[PDB]
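Next one to model:
(3 chains)
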Amino acid sequence: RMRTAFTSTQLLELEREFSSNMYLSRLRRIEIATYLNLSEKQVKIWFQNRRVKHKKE
DNA sequence: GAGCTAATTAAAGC
DNA sequence: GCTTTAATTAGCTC
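Residues are numbered from 1 along each chain as shown, chains lettered A, B, ... in the order given. Please find the structure below.
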């Protein structure tokens, strides 16, 4: 695929979620996606990569 | 059987 | 050329 870019707002809301939840139901993933104007796959992969980063730190 | 972690790959912006 | 990170893949597990 081609890489997605996120606005500063989207990144800040995605990282507010990761602060509370670190894992998401399939339903919450669709919620966040619709609120953020993102697709479900974009939210899913962001959360996967974020967890990898969070362990390394 | 979707969904998770790890290890990559390589595209994105400088 | 460099660093950060979105995306893919192989493997495991309930």
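
Look up phi and psi at residue A:17.
Recorded main-chain torsions at residue A:17 are phi -60, psi -50, according to degrees, to the nearest 10.

Please tell me I have it right and it contacts residue A:25.
No. At 12.0 Å, residue A:17 and residue A:25 do not qualify as touching, with contact defined as C-beta atoms under 8 Å. C-betas here are computed from N, CA, C, even on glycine.

the more surrounded of those two?
Each of residue A:17 and residue A:25 had its neighbours counted (other C-beta atoms under 10 Å), and the higher figure belongs to residue A:17 (19 against 9).

tell me the contacts of the more buried one?
Contact analysis of residue A:17 by C-beta atoms under 8 Å, 6 or more residues apart in numbering lists A:24, A:32.

Tell me how far it lies from residue A:52.
Separation of residue A:17 from residue A:52 (C-beta to C-beta, to the nearest Å) stands at 16 Å.

and what of residue A:18?
As judged by C-beta to C-beta, residue A:18 and residue A:52 stand 12 Å apart.

what about residue A:23, helix or strand, and which?
Under the criterion DSSP states H and E, no helix or strand holds residue A:23.

right, I mislabeled it, should have said residue A:14
With elements delineated by DSSP H and E, residue A:14 resides in helix A:8-20, which encompasses its position.

right, and residue A:21 touches residue A:29 too?
No. Look at residue A:21 against residue A:29 with C-beta under 8 Å: they stay out of range, at 10.2 Å.

ok, these two, which is more surrounded?
Taking neighbours as other C-beta under 10 Å, residue A:21 and residue A:29 compare with residue A:29 leading, 19 against 12.

so which strand or helix has that one?
Taking DSSP H and E as the definition, one finds residue A:29 inside helix A:26-36.

tilt between that helix and helix A:8-20?
In terms of direction (axes from the mean of the first three to the mean of the last three C-alpha atoms, to 10 degrees), helix A:26-36 departs from helix A:8-20 by 150 degrees.

and helix A:26-36, is it in reach of DNA strand C?
No. Where contact is defined by C-beta under 7 Å from any atom of the strand, no part of helix A:26-36 touches DNA strand C; the two come within 11.8 Å at best.

Look up how far DNA strand C lies from residue A:33.
Distance of residue A:33 to DNA strand C, computed by C-beta to the nearest atom of the strand, to the nearest Å: 12 Å.
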